[PDB]
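Containing mmCIF, C-alpha atoms: start.cif.
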data_data
#
loop_
_atom_site.label_atom_id
_atom_site.label_comp_id
_atom_site.auth_asym_id
_atom_site.auth_seq_id
_atom_site.Cartn_x
_atom_site.Cartn_y
_atom_site.Cartn_z
CA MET A 1 -6.41 26.68 -13.21
CA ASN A 2 -7.52 24.45 -10.29
CA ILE A 3 -8.31 20.77 -9.85
CA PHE A 4 -11.87 21.14 -11.16
CA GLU A 5 -10.79 22.86 -14.36
CA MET A 6 -7.94 20.35 -14.80
CA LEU A 7 -10.16 17.28 -14.47
CA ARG A 8 -12.89 18.87 -16.60
CA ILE A 9 -10.33 19.10 -19.41
CA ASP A 10 -9.07 15.53 -18.89
CA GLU A 11 -12.50 13.89 -18.40
CA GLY A 12 -14.86 15.88 -20.56
CA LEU A 13 -18.58 16.31 -19.93
CA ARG A 14 -21.21 13.92 -21.29
CA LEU A 15 -24.79 13.84 -20.03
CA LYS A 16 -25.70 10.36 -21.26
CA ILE A 17 -24.14 7.08 -20.08
CA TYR A 18 -21.03 6.36 -22.16
CA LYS A 19 -18.09 3.94 -21.94
CA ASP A 20 -14.80 5.28 -20.60
CA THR A 21 -11.36 4.53 -22.08
CA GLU A 22 -11.36 1.10 -20.29
CA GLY A 23 -14.82 0.23 -21.62
CA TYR A 24 -16.67 0.92 -18.34
CA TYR A 25 -19.99 2.71 -18.04
CA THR A 26 -19.55 6.31 -16.97
CA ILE A 27 -21.44 9.58 -17.00
CA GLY A 28 -20.89 13.24 -16.38
CA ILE A 29 -17.31 14.40 -15.75
CA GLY A 30 -15.72 10.98 -15.50
CA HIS A 31 -18.13 9.52 -12.95
CA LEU A 32 -17.54 5.77 -13.15
CA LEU A 33 -20.83 3.99 -12.63
CA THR A 34 -19.77 0.34 -12.51
CA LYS A 35 -17.26 -2.07 -14.01
CA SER A 36 -20.21 -4.42 -14.82
CA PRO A 37 -20.77 -5.08 -18.54
CA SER A 38 -24.49 -4.70 -17.82
CA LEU A 39 -26.05 -1.44 -18.96
CA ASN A 40 -29.05 -2.12 -16.71
CA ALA A 41 -26.68 -2.39 -13.75
CA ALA A 42 -25.07 0.92 -14.77
CA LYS A 43 -28.51 2.57 -14.99
CA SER A 44 -29.34 1.37 -11.52
CA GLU A 45 -26.09 2.77 -10.17
CA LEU A 46 -26.88 6.08 -11.85
CA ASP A 47 -30.35 6.28 -10.33
CA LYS A 48 -28.91 5.48 -6.86
CA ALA A 49 -26.26 8.20 -7.29
CA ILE A 50 -28.71 10.89 -8.39
CA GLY A 51 -31.70 9.88 -6.30
CA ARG A 52 -34.26 9.59 -9.13
CA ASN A 53 -34.91 7.33 -12.16
CA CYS A 54 -32.74 9.02 -14.77
CA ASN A 55 -33.04 6.41 -17.47
CA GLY A 56 -29.42 7.03 -18.40
CA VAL A 57 -29.51 10.81 -18.64
CA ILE A 58 -28.57 13.62 -16.30
CA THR A 59 -28.43 17.40 -16.27
CA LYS A 60 -25.24 19.53 -16.18
CA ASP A 61 -25.98 20.53 -12.59
CA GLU A 62 -26.28 16.86 -11.62
CA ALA A 63 -23.03 16.08 -13.40
CA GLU A 64 -21.30 18.88 -11.53
CA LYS A 65 -22.70 17.64 -8.23
CA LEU A 66 -21.28 14.18 -8.79
CA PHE A 67 -17.99 15.74 -9.86
CA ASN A 68 -17.71 17.78 -6.66
CA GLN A 69 -18.37 14.66 -4.62
CA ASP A 70 -15.83 12.63 -6.62
CA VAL A 71 -13.05 15.21 -6.33
CA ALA A 72 -13.61 15.53 -2.59
CA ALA A 73 -13.58 11.76 -2.22
CA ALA A 74 -10.28 11.53 -4.15
CA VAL A 75 -8.67 14.11 -1.85
CA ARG A 76 -10.01 12.77 1.39
CA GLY A 77 -9.03 9.30 0.19
CA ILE A 78 -5.42 10.42 -0.28
CA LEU A 79 -5.41 11.87 3.21
CA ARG A 80 -6.69 8.56 4.62
CA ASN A 81 -4.09 6.47 2.78
CA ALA A 82 -0.82 5.88 4.68
CA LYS A 83 1.22 5.66 1.43
CA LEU A 84 -0.26 8.71 -0.26
CA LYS A 85 -0.76 11.21 2.58
CA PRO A 86 2.97 11.90 3.26
CA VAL A 87 3.67 12.39 -0.43
CA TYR A 88 0.65 14.65 -0.82
CA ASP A 89 1.54 16.76 2.19
CA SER A 90 5.11 17.16 0.88
CA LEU A 91 3.92 18.74 -2.38
CA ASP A 92 3.04 22.25 -3.50
CA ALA A 93 -0.53 23.10 -4.54
CA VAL A 94 -0.03 22.60 -8.29
CA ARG A 95 1.57 19.19 -7.85
CA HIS A 96 -1.23 18.29 -5.39
CA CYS A 97 -3.55 18.53 -8.34
CA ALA A 98 -1.49 16.11 -10.43
CA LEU A 99 -1.72 13.52 -7.65
CA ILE A 100 -5.47 14.07 -7.22
CA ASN A 101 -5.85 13.67 -10.99
CA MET A 102 -4.13 10.26 -10.91
CA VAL A 103 -6.27 9.07 -8.01
CA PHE A 104 -9.43 10.28 -9.74
CA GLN A 105 -8.48 8.26 -12.82
CA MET A 106 -7.13 5.04 -11.32
CA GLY A 107 -8.14 4.94 -7.67
CA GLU A 108 -6.15 5.23 -4.47
CA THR A 109 -4.89 1.66 -4.30
CA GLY A 110 -3.62 1.96 -7.86
CA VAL A 111 -1.70 5.17 -7.31
CA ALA A 112 -0.32 3.95 -3.93
CA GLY A 113 1.34 1.07 -5.89
CA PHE A 114 3.51 3.73 -7.85
CA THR A 115 5.87 3.29 -4.94
CA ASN A 116 9.13 4.31 -6.65
CA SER A 117 7.58 7.32 -8.40
CA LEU A 118 6.01 8.47 -5.13
CA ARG A 119 9.40 8.28 -3.42
CA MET A 120 10.98 10.41 -6.14
CA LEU A 121 8.18 12.96 -5.81
CA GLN A 122 8.66 13.10 -2.03
CA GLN A 123 12.39 13.62 -2.69
CA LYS A 124 11.55 16.43 -5.17
CA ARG A 125 13.55 14.65 -7.89
CA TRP A 126 11.18 15.96 -10.51
CA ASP A 127 12.82 14.91 -13.75
CA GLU A 128 13.56 11.42 -12.35
CA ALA A 129 10.00 11.10 -11.11
CA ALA A 130 8.71 12.11 -14.56
CA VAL A 131 10.78 9.40 -16.22
CA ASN A 132 9.64 6.82 -13.75
CA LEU A 133 5.95 7.74 -14.00
CA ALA A 134 6.05 7.09 -17.74
CA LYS A 135 7.14 3.45 -17.22
CA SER A 136 3.56 2.44 -16.62
CA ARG A 137 0.46 0.94 -18.12
CA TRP A 138 -1.10 4.28 -17.32
CA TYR A 139 1.17 6.18 -19.64
CA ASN A 140 0.86 3.63 -22.41
CA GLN A 141 -2.93 3.50 -22.32
CA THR A 142 -3.65 7.22 -21.91
CA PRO A 143 -0.45 8.90 -23.11
CA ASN A 144 -1.74 12.40 -23.83
CA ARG A 145 -3.40 12.75 -20.41
CA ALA A 146 -0.48 11.11 -18.64
CA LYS A 147 1.95 13.47 -20.39
CA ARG A 148 -0.05 16.45 -19.11
CA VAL A 149 -0.10 15.11 -15.55
CA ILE A 150 3.59 14.22 -15.70
CA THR A 151 4.49 17.71 -17.01
CA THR A 152 2.56 19.14 -14.07
CA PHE A 153 4.65 17.03 -11.66
CA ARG A 154 7.86 17.85 -13.50
CA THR A 155 7.38 21.60 -13.58
CA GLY A 156 4.91 22.54 -10.83
CA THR A 157 3.20 24.81 -13.35
CA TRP A 158 -0.03 24.65 -15.33
CA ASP A 159 1.74 24.85 -18.66
CA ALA A 160 0.26 21.56 -19.94
CA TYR A 161 -3.32 22.84 -19.35
CA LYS A 162 -2.98 26.56 -20.05
CA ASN A 163 -4.04 26.96 -23.63
CA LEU A 164 -6.58 24.14 -23.24
#

Kindly transcribe the structure held in the file into structure tokens.
Amino acid sequence: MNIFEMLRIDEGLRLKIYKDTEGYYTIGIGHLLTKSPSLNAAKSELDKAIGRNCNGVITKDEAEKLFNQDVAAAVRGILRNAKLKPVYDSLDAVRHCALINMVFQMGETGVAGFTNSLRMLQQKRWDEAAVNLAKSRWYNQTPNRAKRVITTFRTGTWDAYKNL
């Protein structure tokens, strides 16, 4: 397991524009196109991202390209964020992936507001952090995914993803 395999499980792969769990137009492996309710606006964003008129469809290779860019942006984003970088650098490589996963899903500003959970993670209070992480809109709206990410933080193993 690695971050790409983890997020591929959590995000799926769809080659046509679809709406994500929040109702926002998306494509590929969780590539958010826009929060606009306009499909035409989403199609424009897609064409800009791919560099050709796609008319709402992409290839697997194009999906994977966007995915590589998006994962790298999540990581580099964490490193550029004064709240997230010290927590990230305090973690082991499996728990790194759990934090990247959260940022991929909800953005850096959103995860940097999990201030008390982040403190518990930095303190390596894993069971406490797990409890705290679950007291969130995140957990309530996407419980199965959040449970997997939280188990990853709790245990520092891939147990929640191995078998999937």

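The gap separating CA of residue 83 (chain A) from CA of residue 112 (chain A) is 5.8 Å, in Å to one decimal.
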
Find the nearest atom pair between each residue of region 39-158 of chain A and region 6-22 of chain A for residues within 10 Å, count all atoms listed in the file, give distances in Å to one decimal, sort rows by chain and ascending number, and present the table as JSON lines.
{"residue": "A:39", "atom": "CA", "partner": "A:17", "partner_atom": "CA", "distance": 8.8}
{"residue": "A:42", "atom": "CA", "partner": "A:17", "partner_atom": "CA", "distance": 8.2}
{"residue": "A:43", "atom": "CA", "partner": "A:17", "partner_atom": "CA", "distance": 8.1}
{"residue": "A:46", "atom": "CA", "partner": "A:17", "partner_atom": "CA", "distance": 8.7}
{"residue": "A:54", "atom": "CA", "partner": "A:16", "partner_atom": "CA", "distance": 9.7}
{"residue": "A:55", "atom": "CA", "partner": "A:16", "partner_atom": "CA", "distance": 9.2}
{"residue": "A:56", "atom": "CA", "partner": "A:17", "partner_atom": "CA", "distance": 5.5}
{"residue": "A:57", "atom": "CA", "partner": "A:16", "partner_atom": "CA", "distance": 4.6}
{"residue": "A:58", "atom": "CA", "partner": "A:15", "partner_atom": "CA", "distance": 5.3}
{"residue": "A:59", "atom": "CA", "partner": "A:15", "partner_atom": "CA", "distance": 6.3}
{"residue": "A:60", "atom": "CA", "partner": "A:15", "partner_atom": "CA", "distance": 6.9}
{"residue": "A:62", "atom": "CA", "partner": "A:15", "partner_atom": "CA", "distance": 9.1}
{"residue": "A:63", "atom": "CA", "partner": "A:15", "partner_atom": "CA", "distance": 7.2}
{"residue": "A:64", "atom": "CA", "partner": "A:13", "partner_atom": "CA", "distance": 9.2}
{"residue": "A:67", "atom": "CA", "partner": "A:8", "partner_atom": "CA", "distance": 9.0}
{"residue": "A:71", "atom": "CA", "partner": "A:7", "partner_atom": "CA", "distance": 8.9}
{"residue": "A:97", "atom": "CA", "partner": "A:6", "partner_atom": "CA", "distance": 8.0}
{"residue": "A:98", "atom": "CA", "partner": "A:6", "partner_atom": "CA", "distance": 8.9}
{"residue": "A:100", "atom": "CA", "partner": "A:7", "partner_atom": "CA", "distance": 9.2}
{"residue": "A:101", "atom": "CA", "partner": "A:7", "partner_atom": "CA", "distance": 6.6}
{"residue": "A:102", "atom": "CA", "partner": "A:7", "partner_atom": "CA", "distance": 9.9}
{"residue": "A:104", "atom": "CA", "partner": "A:7", "partner_atom": "CA", "distance": 8.5}
{"residue": "A:105", "atom": "CA", "partner": "A:11", "partner_atom": "CA", "distance": 8.9}
{"residue": "A:141", "atom": "CA", "partner": "A:21", "partner_atom": "CA", "distance": 8.5}
{"residue": "A:142", "atom": "CA", "partner": "A:21", "partner_atom": "CA", "distance": 8.2}
{"residue": "A:144", "atom": "CA", "partner": "A:10", "partner_atom": "CA", "distance": 9.4}
{"residue": "A:145", "atom": "CA", "partner": "A:10", "partner_atom": "CA", "distance": 6.5}
{"residue": "A:146", "atom": "CA", "partner": "A:10", "partner_atom": "CA", "distance": 9.7}
{"residue": "A:148", "atom": "CA", "partner": "A:10", "partner_atom": "CA", "distance": 9.1}
{"residue": "A:149", "atom": "CA", "partner": "A:6", "partner_atom": "CA", "distance": 9.5}
{"residue": "A:158", "atom": "CA", "partner": "A:6", "partner_atom": "CA", "distance": 9.0}

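One distance worth recording is that between CA of residue 65 (chain A) and CA of residue 85 (chain A), which is 25.3 Å.
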
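A straight line drawn from CA of residue 2 (chain A) to CA of residue 121 (chain A) is 20.0 Å long.
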
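Among A:84, A:5, A:134, A:49, the residue with the shortest atom-to-atom distance to residue 29 (chain A), counting all atoms listed in the file, is A:5.
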
Need the axis-aligned box for region 42-61 of chain A with 6 Å each side, so what are the centre and edges in Å to one decimal, as lines of an AutoDock Vina configuration file?
center_x = -30.0
center_y = 10.7
center_z = -12.5
size_x = 21.8
size_y = 31.6
size_z = 24.3

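The nearest approach to residue 31 (chain A) among the residues A:129, A:91, A:106, A:75, with all atoms listed in the file taken into account, belongs to A:106.
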
From A:41, A:33, A:133, A:27, residue lying nearest residue 113 (chain A) [all atoms listed in the file]: A:133
